[PDB]
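Heads up, the thing below is written out as structure tokens.
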Amino acid sequence: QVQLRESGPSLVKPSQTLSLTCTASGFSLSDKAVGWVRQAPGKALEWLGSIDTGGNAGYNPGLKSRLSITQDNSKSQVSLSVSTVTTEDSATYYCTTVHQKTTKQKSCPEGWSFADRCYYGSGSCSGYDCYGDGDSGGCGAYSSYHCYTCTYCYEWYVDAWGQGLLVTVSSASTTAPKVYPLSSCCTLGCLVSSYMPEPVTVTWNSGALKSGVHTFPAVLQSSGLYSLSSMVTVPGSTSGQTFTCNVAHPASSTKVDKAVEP
Amino acid sequence: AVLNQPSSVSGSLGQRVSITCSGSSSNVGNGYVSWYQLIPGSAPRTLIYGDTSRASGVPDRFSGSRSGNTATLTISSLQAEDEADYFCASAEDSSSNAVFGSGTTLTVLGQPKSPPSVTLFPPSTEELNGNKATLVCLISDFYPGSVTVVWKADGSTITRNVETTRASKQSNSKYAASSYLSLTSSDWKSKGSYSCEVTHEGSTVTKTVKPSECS
């Protein structure tokens, strides 16, 4: 079992270069390549690139302009570089081992005029090896197993995944949050807005109200700052009681109270 | 770009669930699709590669298949540990380029279905006085724990400066989520209506605030 460990800074300022290192150990790492996969919060996994044993590197075309991947054989480390980072590059970066192999197999491409007399299916990766390239030349008036195209089959899958390293891109310094009340127009809450660098502790009525309270996880906004909300659900239809949330930020050494009322 | 998957999929203990993954001829049409399982607090786990091959340590319940530009992951008998996010992937007209699916949250049912309670909060007077305006859409008491949020301004979808947390379990074992739309105090006063639309299991709950009347 091949072990992968990601190393690097957790916080990077925008317009700088995001650099990360992956320490790979294990015998099986020689066969397969080592790549990088990142996932922004609440987003799909995104492929970055990879480098094989021989030192050849391939990248995501939409990001190859900002990507550099190199490897140190003696330390068994693979490095990644993302240039001119924005707040969109905040993500969890996974070091991976990747299987990459290009093979030539028999298939029946869609636009091909002899595909209707070909048995190996439309998918390029049919599982039946061939040599040469293109139309076999053996297609006739009737269907035959000699009628096929020798196409490229691109095999790809991640073998092993690292635990991942969360990286945040923001130019902000430690900033005290601003607390605003959440009341309906015509449940209540407190908005803890634009703070750095987490966490914040939220109570209600100095701890006298804790049941029926749900404080959400924070979001990283395009400003480079964090924001969360705390929610209060009032039971029993009891009306006429003041509600006050207490927000404390350790980094700014701040404590703020905000009363909420219609 | 991205391969399209359903946002959420649910089934009961011991039942069969399928998760689709549709792309194009340059990716899924190539015929070598993989599937990955993501559990919070744990590293991603490879389940399937090469359309139908099972990775080492993967149970027989998980199986894969493909038809044209659409692949499908199937779990014949569901168990408690199967609850997770599932992603598909495939090479993109090269061995060194790959694309992933949008991801599917799989829930094993353990309680009755509950629709989301949605409350859209206007920006406070104190924030407007600072020439800012943040709309907070708080979503609660829904099960299964997966929703999608669409923000609307005068019937027009807006996605700029929108942030949404993923569903978090409440004290009553139901799930809650939050969504934020950040505006200036001028953008707030310049529109006649803002709406938060929460879609849960094909059903949509909509709350609307009006900057003119809301004061």
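The chains in the structure tokens are called A, B, ... from first to last as shown; in each chain the residues are counted from 1, and the ligands are counted from 1 in the order shown.
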Would you mind writing down, as an NGL selection string, each residue of stretch 57-225 of chain A that DSSP on the backbone assigns to strand (DSSP E or B)? :A and (57-59 or 67-72 or 77-82 or 91-107 or 129 or 134-135 or 149-161 or 165-169 or 175 or 178-182 or 188-196 or 201-204 or 209 or 213-215 or 219-220)
Spatial neighbours of residue A:241, max dist 12 Å, only C-alpha atoms, sep filter under 2 positions, as a ChimeraX atom specification: /A:205,209,234-235,237-239,243-244,259-262
Please report, as JSON lines, each residue of chain B lying at most 7 Å from chain A, together with the nearest pair of atoms and the separation in Å rounded to one decimal; use only C-alpha atoms, and order rows by chain and ascending residue number.
{"residue": "B:29", "atom": "CA", "partner": "A:123", "partner_atom": "CA", "distance": 5.5}
{"residue": "B:30", "atom": "CA", "partner": "A:124", "partner_atom": "CA", "distance": 4.8}
{"residue": "B:31", "atom": "CA", "partner": "A:123", "partner_atom": "CA", "distance": 4.9}
{"residue": "B:32", "atom": "CA", "partner": "A:155", "partner_atom": "CA", "distance": 6.0}
{"residue": "B:34", "atom": "CA", "partner": "A:157", "partner_atom": "CA", "distance": 6.1}
{"residue": "B:42", "atom": "CA", "partner": "A:163", "partner_atom": "CA", "distance": 6.7}
{"residue": "B:43", "atom": "CA", "partner": "A:163", "partner_atom": "CA", "distance": 4.7}
{"residue": "B:44", "atom": "CA", "partner": "A:161", "partner_atom": "CA", "distance": 5.9}
{"residue": "B:46", "atom": "CA", "partner": "A:159", "partner_atom": "CA", "distance": 6.7}
{"residue": "B:49", "atom": "CA", "partner": "A:157", "partner_atom": "CA", "distance": 6.2}
{"residue": "B:90", "atom": "CA", "partner": "A:156", "partner_atom": "CA", "distance": 6.6}
{"residue": "B:91", "atom": "CA", "partner": "A:156", "partner_atom": "CA", "distance": 5.7}
{"residue": "B:94", "atom": "CA", "partner": "A:154", "partner_atom": "CA", "distance": 5.8}
{"residue": "B:95", "atom": "CA", "partner": "A:154", "partner_atom": "CA", "distance": 4.8}
{"residue": "B:96", "atom": "CA", "partner": "A:58", "partner_atom": "CA", "distance": 5.3}
{"residue": "B:97", "atom": "CA", "partner": "A:60", "partner_atom": "CA", "distance": 5.8}
{"residue": "B:98", "atom": "CA", "partner": "A:47", "partner_atom": "CA", "distance": 6.2}
{"residue": "B:99", "atom": "CA", "partner": "A:47", "partner_atom": "CA", "distance": 6.5}
{"residue": "B:100", "atom": "CA", "partner": "A:45", "partner_atom": "CA", "distance": 6.0}
{"residue": "B:101", "atom": "CA", "partner": "A:44", "partner_atom": "CA", "distance": 6.7}
{"residue": "B:102", "atom": "CA", "partner": "A:44", "partner_atom": "CA", "distance": 5.1}
{"residue": "B:103", "atom": "CA", "partner": "A:44", "partner_atom": "CA", "distance": 6.3}
{"residue": "B:121", "atom": "CA", "partner": "A:184", "partner_atom": "CA", "distance": 5.5}
{"residue": "B:122", "atom": "CA", "partner": "A:185", "partner_atom": "CA", "distance": 6.7}
{"residue": "B:124", "atom": "CA", "partner": "A:181", "partner_atom": "CA", "distance": 6.1}
{"residue": "B:126", "atom": "CA", "partner": "A:180", "partner_atom": "CA", "distance": 6.8}
{"residue": "B:127", "atom": "CA", "partner": "A:180", "partner_atom": "CA", "distance": 6.7}
{"residue": "B:161", "atom": "CA", "partner": "A:222", "partner_atom": "CA", "distance": 6.5}
{"residue": "B:163", "atom": "CA", "partner": "A:219", "partner_atom": "CA", "distance": 6.5}
{"residue": "B:165", "atom": "CA", "partner": "A:219", "partner_atom": "CA", "distance": 6.4}
{"residue": "B:166", "atom": "CA", "partner": "A:42", "partner_atom": "CA", "distance": 6.6}
{"residue": "B:170", "atom": "CA", "partner": "A:214", "partner_atom": "CA", "distance": 6.8}
{"residue": "B:214", "atom": "CA", "partner": "A:185", "partner_atom": "CA", "distance": 5.2}
{"residue": "B:215", "atom": "CA", "partner": "A:185", "partner_atom": "CA", "distance": 6.9}
DSSP on the backbone: what in stretch 5-233 of chain A comes out helix (DSSP H, G or I), as a list in words?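 For stretch 5-233 of chain A, the helix (DSSP H, G or I) set is residues 27, 28, 29, 30, 64, 65, 66, 87, 88, 89, 115, 116, 117, 205, 206 and 207 of chain A.
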Go ahead and save the picked residues with N, CA, C and O atoms, as an mmCIF file, in the first residue's frame.
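Final file, out-v8.cif:
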data_model
loop_
_atom_site.group_PDB
_atom_site.id
_atom_site.type_symbol
_atom_site.label_atom_id
_atom_site.label_comp_id
_atom_site.auth_asym_id
_atom_site.auth_seq_id
_atom_site.Cartn_x
_atom_site.Cartn_y
_atom_site.Cartn_z
ATOM 1 N N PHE A 27 6.552 0.416 -2.698
ATOM 2 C CA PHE A 27 7.130 -0.195 -3.889
ATOM 3 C C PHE A 27 6.271 0.058 -5.121
ATOM 4 O O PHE A 27 6.799 0.253 -6.221
ATOM 5 N N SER A 28 4.947 0.040 -4.962
ATOM 6 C CA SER A 28 4.056 0.081 -6.115
ATOM 7 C C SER A 28 4.023 1.441 -6.800
ATOM 8 O O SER A 28 3.378 1.567 -7.846
ATOM 9 N N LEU A 29 4.698 2.453 -6.249
ATOM 10 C CA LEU A 29 4.668 3.779 -6.853
ATOM 11 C C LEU A 29 5.472 3.849 -8.145
ATOM 12 O O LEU A 29 5.327 4.819 -8.896
ATOM 13 N N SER A 30 6.306 2.844 -8.425
ATOM 14 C CA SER A 30 7.134 2.881 -9.626
ATOM 15 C C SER A 30 6.302 2.656 -10.884
ATOM 16 O O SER A 30 6.583 3.246 -11.934
ATOM 17 N N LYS A 64 -3.202 24.435 -17.722
ATOM 18 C CA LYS A 64 -1.790 24.165 -17.983
ATOM 19 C C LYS A 64 -0.960 25.443 -17.988
ATOM 20 O O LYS A 64 0.239 25.407 -17.684
ATOM 21 N N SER A 65 -1.579 26.581 -18.311
ATOM 22 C CA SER A 65 -0.846 27.842 -18.331
ATOM 23 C C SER A 65 -0.359 28.238 -16.942
ATOM 24 O O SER A 65 0.663 28.921 -16.816
ATOM 25 N N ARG A 66 -1.067 27.822 -15.891
ATOM 26 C CA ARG A 66 -0.730 28.198 -14.524
ATOM 27 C C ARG A 66 -0.168 27.042 -13.707
ATOM 28 O O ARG A 66 -0.050 27.166 -12.484
ATOM 29 N N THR A 87 -8.984 33.829 -5.317
ATOM 30 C CA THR A 87 -9.812 33.210 -4.288
ATOM 31 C C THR A 87 -10.506 31.949 -4.791
ATOM 32 O O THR A 87 -10.966 31.142 -3.976
ATOM 33 N N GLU A 88 -10.587 31.760 -6.109
ATOM 34 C CA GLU A 88 -11.181 30.547 -6.657
ATOM 35 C C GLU A 88 -10.277 29.333 -6.490
ATOM 36 O O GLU A 88 -10.762 28.200 -6.574
ATOM 37 N N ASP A 89 -8.982 29.542 -6.257
ATOM 38 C CA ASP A 89 -8.044 28.442 -6.078
ATOM 39 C C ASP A 89 -8.037 27.894 -4.657
ATOM 40 O O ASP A 89 -7.267 26.970 -4.371
ATOM 41 N N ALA A 115 -19.462 1.565 -39.799
ATOM 42 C CA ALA A 115 -19.704 1.207 -38.405
ATOM 43 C C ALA A 115 -20.875 0.246 -38.259
ATOM 44 O O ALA A 115 -20.900 -0.560 -37.322
ATOM 45 N N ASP A 116 -21.851 0.310 -39.167
ATOM 46 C CA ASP A 116 -23.013 -0.566 -39.084
ATOM 47 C C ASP A 116 -22.693 -2.012 -39.446
ATOM 48 O O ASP A 116 -23.558 -2.878 -39.280
ATOM 49 N N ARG A 117 -21.487 -2.293 -39.937
ATOM 50 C CA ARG A 117 -21.055 -3.649 -40.250
ATOM 51 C C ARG A 117 -19.826 -4.041 -39.435
ATOM 52 O O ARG A 117 -18.965 -4.776 -39.911
ATOM 53 N N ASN A 205 -28.037 34.592 24.726
ATOM 54 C CA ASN A 205 -28.388 34.987 26.090
ATOM 55 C C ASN A 205 -27.323 34.527 27.082
ATOM 56 O O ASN A 205 -27.628 34.040 28.174
ATOM 57 N N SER A 206 -26.058 34.668 26.681
ATOM 58 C CA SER A 206 -24.904 34.346 27.524
ATOM 59 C C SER A 206 -24.920 32.893 27.990
ATOM 60 O O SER A 206 -24.427 32.574 29.074
ATOM 61 N N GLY A 207 -25.476 32.001 27.176
ATOM 62 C CA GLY A 207 -25.549 30.595 27.504
ATOM 63 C C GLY A 207 -26.878 30.142 28.068
ATOM 64 O O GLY A 207 -27.081 28.933 28.234
#
List the neighbours of residue B:183 out to 12 Å using only C-alpha atoms; skip same-chain residues closer than 3 positions along the sequence, and give me the result as an MDAnalysis selection string. (chainID A and resid 222:223) or (chainID B and resid 122:123 127:128 130:136 153 158:162 180 186:191 194)
At a cut-off of 9 Å, using only C-alpha atoms, what residues contact residue A:145? Leave out same-chain residues fewer than 6 positions from it and give the result as a ChimeraX atom specification. /A:117-120,138-139
Just the selected residues (N, CA, C and O atoms), exported as a PDB file, in the first residue's frame, please.
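Ended up saving to result_13.pdb:
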ATOM      1  N   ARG A 117     -21.487  -2.293 -39.937  1.00  0.00           N
ATOM      2  CA  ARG A 117     -21.055  -3.649 -40.250  1.00  0.00           C
ATOM      3  C   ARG A 117     -19.826  -4.041 -39.435  1.00  0.00           C
ATOM      4  O   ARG A 117     -18.965  -4.776 -39.911  1.00  0.00           O
ATOM      5  N   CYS A 118     -19.737  -3.544 -38.205  1.00  0.00           N
ATOM      6  CA  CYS A 118     -18.582  -3.699 -37.330  1.00  0.00           C
ATOM      7  C   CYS A 118     -19.072  -4.114 -35.952  1.00  0.00           C
ATOM      8  O   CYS A 118     -20.049  -3.555 -35.445  1.00  0.00           O
ATOM      9  N   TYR A 119     -18.386  -5.084 -35.348  1.00  0.00           N
ATOM     10  CA  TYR A 119     -18.903  -5.787 -34.181  1.00  0.00           C
ATOM     11  C   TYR A 119     -18.360  -5.285 -32.850  1.00  0.00           C
ATOM     12  O   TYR A 119     -18.872  -5.697 -31.806  1.00  0.00           O
ATOM     13  N   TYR A 120     -17.343  -4.428 -32.845  1.00  0.00           N
ATOM     14  CA  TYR A 120     -16.591  -4.146 -31.629  1.00  0.00           C
ATOM     15  C   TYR A 120     -17.108  -2.940 -30.853  1.00  0.00           C
ATOM     16  O   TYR A 120     -16.446  -2.501 -29.907  1.00  0.00           O
ATOM     17  N   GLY A 138     -10.919  -3.961 -44.327  1.00  0.00           N
ATOM     18  CA  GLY A 138     -11.553  -5.240 -44.575  1.00  0.00           C
ATOM     19  C   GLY A 138     -13.066  -5.217 -44.507  1.00  0.00           C
ATOM     20  O   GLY A 138     -13.696  -6.258 -44.299  1.00  0.00           O
ATOM     21  N   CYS A 139     -13.666  -4.044 -44.687  1.00  0.00           N
ATOM     22  CA  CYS A 139     -15.114  -3.907 -44.640  1.00  0.00           C
ATOM     23  C   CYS A 139     -15.700  -4.111 -46.030  1.00  0.00           C
ATOM     24  O   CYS A 139     -15.189  -3.567 -47.015  1.00  0.00           O
TER      25      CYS A 139
END
With a distance cut-off of 9 Å and only C-alpha atoms, select the neighbouring residues of residue A:81, excluding the residue or stretch itself and same-chain residues fewer than 2 positions from it, and output the selection as a ChimeraX atom specification. /A:17-20,66-70,79,83
Residue subset to file, keeping N, CA, C and O atoms, as a PDB file, in the first residue's frame:
ATOM      1  N   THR A  17       2.329  32.441  -5.847  1.00  0.00           N
ATOM      2  CA  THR A  17       2.382  31.090  -6.393  1.00  0.00           C
ATOM      3  C   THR A  17       2.103  30.084  -5.286  1.00  0.00           C
ATOM      4  O   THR A  17       2.765  30.098  -4.243  1.00  0.00           O
ATOM      5  N   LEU A  18       1.119  29.219  -5.512  1.00  0.00           N
ATOM      6  CA  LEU A  18       0.777  28.161  -4.569  1.00  0.00           C
ATOM      7  C   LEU A  18       1.667  26.952  -4.834  1.00  0.00           C
ATOM      8  O   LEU A  18       1.593  26.345  -5.906  1.00  0.00           O
ATOM      9  N   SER A  19       2.503  26.606  -3.857  1.00  0.00           N
ATOM     10  CA  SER A  19       3.449  25.505  -3.977  1.00  0.00           C
ATOM     11  C   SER A  19       3.103  24.426  -2.962  1.00  0.00           C
ATOM     12  O   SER A  19       2.857  24.728  -1.789  1.00  0.00           O
ATOM     13  N   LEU A  20       3.087  23.175  -3.415  1.00  0.00           N
ATOM     14  CA  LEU A  20       2.794  22.037  -2.555  1.00  0.00           C
ATOM     15  C   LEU A  20       3.745  20.898  -2.890  1.00  0.00           C
ATOM     16  O   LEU A  20       4.282  20.813  -3.997  1.00  0.00           O
ATOM     17  N   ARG A  66      -1.067  27.822 -15.891  1.00  0.00           N
ATOM     18  CA  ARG A  66      -0.730  28.198 -14.524  1.00  0.00           C
ATOM     19  C   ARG A  66      -0.168  27.042 -13.707  1.00  0.00           C
ATOM     20  O   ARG A  66      -0.050  27.166 -12.484  1.00  0.00           O
ATOM     21  N   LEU A  67       0.180  25.926 -14.339  1.00  0.00           N
ATOM     22  CA  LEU A  67       0.525  24.710 -13.618  1.00  0.00           C
ATOM     23  C   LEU A  67       1.938  24.257 -13.950  1.00  0.00           C
ATOM     24  O   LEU A  67       2.365  24.305 -15.108  1.00  0.00           O
ATOM     25  N   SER A  68       2.654  23.813 -12.919  1.00  0.00           N
ATOM     26  CA  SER A  68       3.972  23.213 -13.065  1.00  0.00           C
ATOM     27  C   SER A  68       4.094  22.079 -12.060  1.00  0.00           C
ATOM     28  O   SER A  68       3.853  22.280 -10.866  1.00  0.00           O
ATOM     29  N   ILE A  69       4.458  20.894 -12.543  1.00  0.00           N
ATOM     30  CA  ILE A  69       4.593  19.707 -11.706  1.00  0.00           C
ATOM     31  C   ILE A  69       5.959  19.092 -11.967  1.00  0.00           C
ATOM     32  O   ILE A  69       6.280  18.748 -13.111  1.00  0.00           O
ATOM     33  N   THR A  70       6.760  18.957 -10.913  1.00  0.00           N
ATOM     34  CA  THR A  70       8.081  18.350 -10.980  1.00  0.00           C
ATOM     35  C   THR A  70       8.213  17.332  -9.854  1.00  0.00           C
ATOM     36  O   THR A  70       7.404  17.295  -8.923  1.00  0.00           O
ATOM     37  N   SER A  79       6.166  17.790  -6.605  1.00  0.00           N
ATOM     38  CA  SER A  79       5.808  19.164  -6.289  1.00  0.00           C
ATOM     39  C   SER A  79       4.798  19.704  -7.294  1.00  0.00           C
ATOM     40  O   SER A  79       4.770  19.297  -8.459  1.00  0.00           O
ATOM     41  N   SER A  83       0.310  29.232 -10.322  1.00  0.00           N
ATOM     42  CA  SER A  83       0.762  30.612 -10.405  1.00  0.00           C
ATOM     43  C   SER A  83      -0.411  31.585 -10.389  1.00  0.00           C
ATOM     44  O   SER A  83      -1.492  31.294 -10.912  1.00  0.00           O
TER      45      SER A  83
END
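In this structure, atom CA of residue B:150 sits 14.2 Å away from atom CA of residue B:193.
Separating atom CA of residue A:32 from atom CA of residue A:53 is a distance of 7.5 Å.
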Which residues, written as a list in words, have at least one atom at most 10 Å from residue B:115, with only C-alpha atoms counted and residues fewer than 4 positions away on the same chain left out?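 Contacts, with the query itself left out: residues 139, 140, 141, 142, 143, 144, 147, 198, 199, 200, 201, 203, 204 and 205 of chain B.
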Limited to C-alpha atoms, could you put the picked residues into a file as a CSV table (one decimal), in the first residue's frame?
chain,number,residue,atom,x,y,z
B,139,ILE,CA,-32.8,26.2,5.3
B,140,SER,CA,-33.8,23.7,8.0
B,141,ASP,CA,-35.7,20.5,8.9
B,142,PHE,CA,-35.2,18.7,5.6
B,143,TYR,CA,-34.4,15.0,5.0
B,144,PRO,CA,-32.6,13.6,3.1
B,147,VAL,CA,-30.7,20.6,-1.3
B,198,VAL,CA,-34.6,25.6,-2.4
B,199,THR,CA,-35.1,22.4,-4.4
B,200,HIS,CA,-35.4,19.2,-2.3
B,201,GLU,CA,-36.2,15.8,-3.9
B,203,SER,CA,-39.8,19.9,-4.9
B,204,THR,CA,-39.0,23.6,-4.7
B,205,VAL,CA,-39.8,26.0,-1.8
